[PDB]
Amino acid sequence: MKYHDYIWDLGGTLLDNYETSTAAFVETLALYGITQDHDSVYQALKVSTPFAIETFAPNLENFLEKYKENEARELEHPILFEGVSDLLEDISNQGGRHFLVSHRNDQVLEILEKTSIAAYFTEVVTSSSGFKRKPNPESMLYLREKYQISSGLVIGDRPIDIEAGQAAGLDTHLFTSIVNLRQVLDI
Ligand SMILES: [Ca+2]
């Protein structure tokens, strides 16, 4: 068991936020009589919302407003990446601890409840903890000190996650899939 402590990222790592957003974006396009495929919309949103709108909905009246309403509805039932809860469990079964660092406010906590993974986290750091944003290592150094982390892995989907982890003296994993993370961990 290579690491004891796991410092997670939510969006793009545990939470498939682009899936719920894609569902909302595709359904909003349909209101205007427009069909676009899942994979194109998903990739466009991963670039940015302005890119997705300029690409697929540049002159659709009230599109953003309606899209955001549909997205909020989708997020009544957020979607984790496939296999997340089983991986969290396998790690916890070996005595591992899970932490979460987010730049978002305390809505994070609602998402963890709705997806039934709140029980996994020893501590969830949100913006209300007052720390600087990644890639600044402040929040991960706080966790390292408070929880006396000697064997920690920082998992996130973006460069800033890796940079924060490195600057905090922790090993990192650039998340692409749950299966691949399992392969790296032998678990
Ligand atoms: Ca992320």
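Numbers given for residues start from 1 on each chain and follow the written sequence, which can depart from the numbering in the entry; residues without coordinates are excluded. Only hydrogens and water are removed before side-chain values are computed, so all heavy atoms of the structure are retained for them.

**Q** Would you mind showing me how to read the pairing of strand β2 (residues 97-101) here?
**A** The side chains of a regular strand alternate, first on one face of the sheet and then on the other. Of all five residues that make up β2, four are buried, and the element is covered over most of its length. In this structure, strand β1 (residues 5-8) lies alongside β2, joined through four bridges in parallel fashion. Among the inter-strand pairings, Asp-5 is bridged to a residue of β2, identified as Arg-97. Relative to strand β3 (residues 121-125), β2 is paired through four bridges, and the arrangement is parallel. For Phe-99, the partnering residue across the bridge sits in β3 and is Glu-123. With the strands pointing away from the viewer, any crossover whose connection runs clockwise from the first strand over the helix to the second is right-handed. Only DSSP runs of H or I covering at least 4 residues are called helices, and only runs of E covering at least 2 are called strands; the numbering of each starts at the N terminus. Assessed by its sense of winding, the connection that carries the chain from β2 through helix α6 (residues 107-114) to β3 is right-handed. Here the term buried applies to any residue with accessible area under 20% of the maximum for its type, exposed to any over 50%, and partly exposed to those in between, with areas from a 1.4 Å probe on protein chains only. The pairing criterion is simple: DSSP has to find at least two bridges between the two strands.

**Q** Just checking my understanding: could you explain the packing of aromatic side chains for this structure?
**A** One pair of aromatic rings is described through two measures. These are the centre distance and the angle between the planes. Between 30 and 60 degrees the pair is tilted, below 30 it is stacked and above 60 it is edge-to-face, where a pair is any two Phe, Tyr or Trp rings, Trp via its six-membered ring, whose centres lie within 6.5 Å. Taken as a whole and assessed by the stated rule, the structure comprises eleven aromatic pairs. Between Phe-25 and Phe-56, the aromatic rings sit 6.3 Å apart at their centres with planes inclined by 75°, giving edge-to-face as the arrangement. Taken as a pair, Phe-25 in helix α1 (residues 17-31) and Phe-56 in helix α3 (residues 49-56) lie far apart in primary sequence, 31 residues in all. Residue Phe-25 is classed as buried on the basis of its relative accessible area, which comes to 0%. Ring geometry for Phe-99 against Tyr-147: centres 4.8 Å apart, planes inclined by 50°, an arrangement best described as tilted. Here the residue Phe-99 occupies a position in strand β2, and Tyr-147 occupies one in the loop between α7 (138-146) and β4 (152-156), the gap between them amounting to 48 residues.

**Q** What's the story with the coordination of the calcium ion in this structure? I'm lost.
**A** For a metal with four tetrahedral donors the ideal donor-metal-donor angle is 109.5 degrees, while six octahedral donors give ideal angles of 90 or 180 degrees. Here the coordinating atoms are restricted to nitrogen, oxygen and sulfur within 2.8 Å of the metal centre, or 3.2 Å for Na, K and Ca, and because water is not among them the sites may look incomplete. At 2.3 to 2.8 Å from the calcium ion lie its protein donor atoms, namely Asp-9 (OD), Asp-9 (OD), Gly-11 (O) and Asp-157 (OD). The sequence pattern formed by the donor residues of the calcium ion is D-x1-G-x145-D. Taken as a pair, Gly-11 in the loop between β1 and α1 and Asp-157 in the loop between β4 and α8 (159-167) lie far apart in primary sequence, 146 residues in all. Take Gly-11: its relative accessible area is 30%, and that puts it in the partly exposed class. Of the residues examined, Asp-157 reaches a relative accessible area of 26% and is grouped as partly exposed.

**Q** Please clarify how the environment of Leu-141 should be interpreted in this entry.
**A** With respect to the helices and strands, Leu-141 occurs in helix α7. Of the residues examined, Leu-141 reaches a relative accessible area of 36% and is grouped as partly exposed. Sequence-wise, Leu-141 and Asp-5 are 136 residues apart; in three dimensions their C-alpha atoms are separated by 13 Å.

**Q** Would you mind going over the side chain of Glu-123 with me for this structure?
**A** Tracing the chain through its elements places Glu-123 in strand β3. Residue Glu-123 is classed as buried on the basis of its relative accessible area, which comes to 13%. Definition of a polar contact: a pair of N or O atoms within 3.5 Å, with one able to donate and the other able to accept a hydrogen when the atoms are protein atoms, and with sequence-neighbouring residues admitted only if both atoms are side-chain atoms. A polar contact of 2.6 Å, which involves the side chain of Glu-123, links it to the side chain of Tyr-142. Within the local environment of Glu-123, its side chain forms a polar contact with the side chain of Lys-146, the two groups lying 2.8 Å apart. Here a residue-residue contact requires only that any non-hydrogen atoms of the pair lie within 4.5 Å. If sequence neighbours within four positions are ignored, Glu-123 has contacts with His-98, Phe-99, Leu-100, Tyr-142, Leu-143, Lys-146 and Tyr-147.

**Q** Looking at this structure, I do not really get the pairing of β1. What am I missing?
**A** Residues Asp-5 and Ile-7 of β1 are buried on one face, and the alternating residues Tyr-6 and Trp-8, pointing to the opposite face, are buried as well. With four bridges joining them, β1 and β4 adopt parallel strand pairing. Across the sheet, residue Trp-8 finds its bridge partner in β4, namely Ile-155.

Remember, this is a structural readout, not a statement about activity or role.
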